[PDB]
Amino acid sequence: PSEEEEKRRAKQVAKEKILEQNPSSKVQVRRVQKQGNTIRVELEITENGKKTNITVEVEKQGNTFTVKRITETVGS
């Protein structure tokens, strides 16, 4: 598949993953980056006076996009 098509799917897989773990939250995606079959999606959550930066690594295996690594940091 094309470059933009794969970034779009990986971002949505990543974002849906964050939405599930954070039900009462608004999730924005700030950057999507592709390196080979690995796509890195950076997301930010801002709720209850806290700011959490999230990095999720999505992997393309054949034509499935699976989350492999999630990193969260809470500030403020």
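Rule-based calculations on the coordinates, nothing more; no lab input. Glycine also receives a Cβ, built like all others from the backbone with ideal geometry; neighbour counts cover every protein chain displayed.
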### Message
On C-alpha positions alone, give me the angle between the axis of helix 3-21 and the longest principal axis of the chain, in degrees, nearest 10.
### Response
40
### Message
Under a Cβ-only charge scheme (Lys and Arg +1, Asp and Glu -1), can you give me the dipole magnitude of the chain about the Cα centre, in debye to the nearest 20?
### Response
100
## Note on the structure
Under Stokes-Einstein, the chain at 4 °C and 1.567 mPa s, with its Kirkwood radius over C-alpha pairs, diffuses with a coefficient in µm²/s of 103
### Query
What residue among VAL67, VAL32, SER2 has its Cα farthest toward the positive end of the dipole of the chain, where the charges are +1 on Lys, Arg and -1 on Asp, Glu, each on the Cβ?
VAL32
